[PDB]
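Asks: Structure in structure tokens, see below.
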Amino acid sequence: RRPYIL
Amino acid sequence: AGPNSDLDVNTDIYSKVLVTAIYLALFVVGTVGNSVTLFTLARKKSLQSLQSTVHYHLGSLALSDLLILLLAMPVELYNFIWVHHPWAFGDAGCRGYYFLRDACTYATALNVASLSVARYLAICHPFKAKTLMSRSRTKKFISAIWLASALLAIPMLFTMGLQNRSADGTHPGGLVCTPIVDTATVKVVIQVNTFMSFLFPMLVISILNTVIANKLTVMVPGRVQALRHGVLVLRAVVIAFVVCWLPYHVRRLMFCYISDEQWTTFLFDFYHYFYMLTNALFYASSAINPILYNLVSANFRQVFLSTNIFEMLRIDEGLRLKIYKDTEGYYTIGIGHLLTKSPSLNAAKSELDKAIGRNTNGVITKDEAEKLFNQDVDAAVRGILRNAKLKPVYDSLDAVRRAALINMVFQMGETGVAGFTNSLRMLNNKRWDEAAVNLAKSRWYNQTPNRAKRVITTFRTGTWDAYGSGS
């Protein structure tokens with residue numbers, strides 16, 4: 001679970 | 001706990017609003033400021049080609065800033081702050097958004113940088129400057145950098161993409177816009193974007209603006225109070241750039257360089273809070289730039305409200321608009337401009353007419369005086385910098401004493417000042433008192449003792465002590 005929003 | 005329970009970002013309602021209110025404040029201030037700026041630069045219509053180049057670069061900057069706020073913010077506020085999933089703008093919305101965002105971004109970074117170059121040329125290379133850029137040549141350069149921005153954003157059309165990250169195969173609430181290529185390529189794209197829109201311009205700006213500031217400091221009390229603010233604005237502009245853009249690039253780099261085995265609920269939560277902080281500052285750039293790059297201007301101060309050596313020589317040489325005889329009996333005009341050493345008053349007059357190109361009759365305007373002056377000071381600094389015996393001494397000096405050296409060269413010439421061999425080594429070795437005692441022994445000191453002593457005093461103190469007369 002890592003961020004998807006760059 | 002459903003199939004898109006993992007996409008959920010956990011930012012408290014407080015923060016989200018405090019950030020919205022902040023964002024919306026930046027959105028009004030920034031969109032007004034940049035618009036007003038466009039409106040205000042259109043009607044100025046300056047005559048000089050150097051000052052109009054700057055107006056163009058400034059216009060470009062204000063548009064790229066306006067466009068960041070109008071194109072990047074609305075969607076960010078809905079989809080990256082309040083509603084993280086699902087992405088509500090489709091696959092081409094996802095690709096088009098990052099394209100535009102990066103383009104405007106590139107266009108701003110390049111703008112700010114090109115502007116710094118323009119100002120470096122204007123001030124440090126005025127000969128080439130006029131011969132290297134005029135209204136049509138800059139208009140074309142501004143075009144080069146919007147195309148260049150556009151080209152450098154093309155990779156984002158091919159690297160971003162719509163993608164379902166739900167646990168389930170594909171639930172419609174689990175669609176997200178995000179990079180969708182090999183981390184290897186994402187890592188290289190990102191770093192190029194970071195180099196080409198932060199690092200590169202960072203150097204250009206930070207070096208050239210420091211070189212301008214220093215040089216402009218020496219060139220230059222009410223009369224000149226605006227140019228001294230300009231100097232502060234220039235150092236501020238760098239500070240503004242680092243503070244506002246560095247944490248945004250830090251955050252993009254953390255997104256790709258922190259690998260999967262290292263991501264935790266803690267870092268993940270910390271990221272999206274950090275996101276709030278970095279993007280607020282990012283936008284601030286676009287809101288402050290108009291009011292920072294234009295506050296020291298003349299009318300502009302009112303406008304948004306409706307919505308060393310020059311000083312020293314102006315004391316020592318005075319300002320006369322009619323032809324006079326100097327200390328030594330030679331015809332002179334303006335701020336210490338020697339016209340000729342011939343005893344004929346017609347020879348002078350003839351030479352003056354020649355100097356400006358107009359049948360003066362021996363009388364000139366205040367603007368003509370200052371035109372000649374800037375030329376003679378240009379002349380005096382070139383003399384110093386090409387002189388084996390003066391350049392090392394000039395380099396070693398602070399801004400105030402440098403001006404005091406330029407005072408001497410203005411009055412006596414390159415090769416005149418060069419004869420002060422021992423006083424110049426004393427100055428070069430910081431023996432201020434020795435130099436002063438020795439300078440006081442000279443022919444120069446007998447010929448013109450008040451002026452000499454003021455310069456001498458400036459050499460030994462580095463203060464403005466001798467120039468209370470200045471305005």
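Asks: Pairs please, first residue from the stretch B:362-389 and outside any loop (DSSP other than H, G, I, E, B), second anywhere and exposed (fewer than 14 other Cβ atoms within 10 Å of the Cβ) and basic (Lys, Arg), Cβ atoms under 8 Å, 6+ apart in sequence or on different chains.
Replies: Note: pairs meeting the criteria are B:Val363/B:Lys322; B:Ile384/B:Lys391; B:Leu385/B:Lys391.
Asks: Further, regarding this structure: Against the conditions (1) surrounded by 15 or more Cβ atoms within 10 Å (Cβ to Cβ); (2) closer than 18 Å to B:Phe310 by Cβ, where does B:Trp444 fall short? Just the number, please.
Replies: Checking B:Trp444 against (1) surrounded by 15 or more Cβ atoms within 10 Å (Cβ to Cβ); (2) closer than 18 Å to B:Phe310 by Cβ, the one that fails is (2).
Asks: Quick check: is even one residue across the stretch B:322-344 over 30 Å from B:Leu405 (Cα atoms), more than 32 Å from the chain's Cα centre (by Cα) and surrounded by fewer than 20 Cβ atoms within 10 Å (Cβ to Cβ)?
Replies: yes
Asks: Hey, another quick one. Taking the stretch B:458-471 only, how many residues are crowded, with 17+ Cβ neighbours inside 10 Å and touching a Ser or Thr at 6+ places or on another chain (Cβ under 8 Å)?
Replies: Adding up the residues that qualify gives 2.
Asks: Scanning for something under 13 Å from the mean Cα position of the chain (by Cα) and not charged (D, E, K, R), does the stretch B:282-291 turn up at least one residue?
Replies: yes
Asks: Could you list, in sequence order, the residues of the stretch B:57-94 that are touching a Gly at 6+ places or on another chain (Cβ under 7 Å), assigned to a helix (DSSP H, G or I) and within 14 Å of another protein chain (Cβ to nearest Cβ)?
Replies: Passing the criteria: only B:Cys94.
Asks: In addition: Could you tell me which of the residues B:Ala118, B:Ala103, B:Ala153 is surrounded by 13 or more Cβ atoms within 10 Å (Cβ to Cβ) and touching an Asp or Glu at 6+ places or on another chain (Cβ under 9 Å)?
Replies: B:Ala153
Values in this text are rule-based calculations from the coordinates and carry no lab data. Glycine also receives a Cβ, built like all others from the backbone with ideal geometry; neighbour counts cover every protein chain displayed.
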